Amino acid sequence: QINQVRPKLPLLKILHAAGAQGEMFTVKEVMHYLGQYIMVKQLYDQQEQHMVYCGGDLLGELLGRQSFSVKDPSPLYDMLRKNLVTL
């Protein structure tokens, strides 16, 4: 289905860790579970919550970065383009 994507294995692991089920998802679902992952693992900066620190986390390996800012999502979107297989 054109509105779905298939996350590559390591990204799927992250989504499943946050409660997702299955192999195919809409982009909004991917974002929901990835956000839940960051929230429950409390990877965001407590004082400046737009900042996410993920050094040593599988999320950091996917990003190729120790941290990123939700205010400049480009690196996050780059990771999703590489890890979301589309039609």
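Residue numbers here begin at 1 and follow the sequence given.
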For 63-71 versus 13-21, entry-based mean Cα B-factors point to 63-71
Higher of the two mean Cα B-factors (2-10, 76-84; per PDB record) comes from 76-84
Chain thirds by Cα B factor, record data; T26 belongs to the lowest
Chain-relative C-alpha B factor for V40 (record values, thirds): the highest
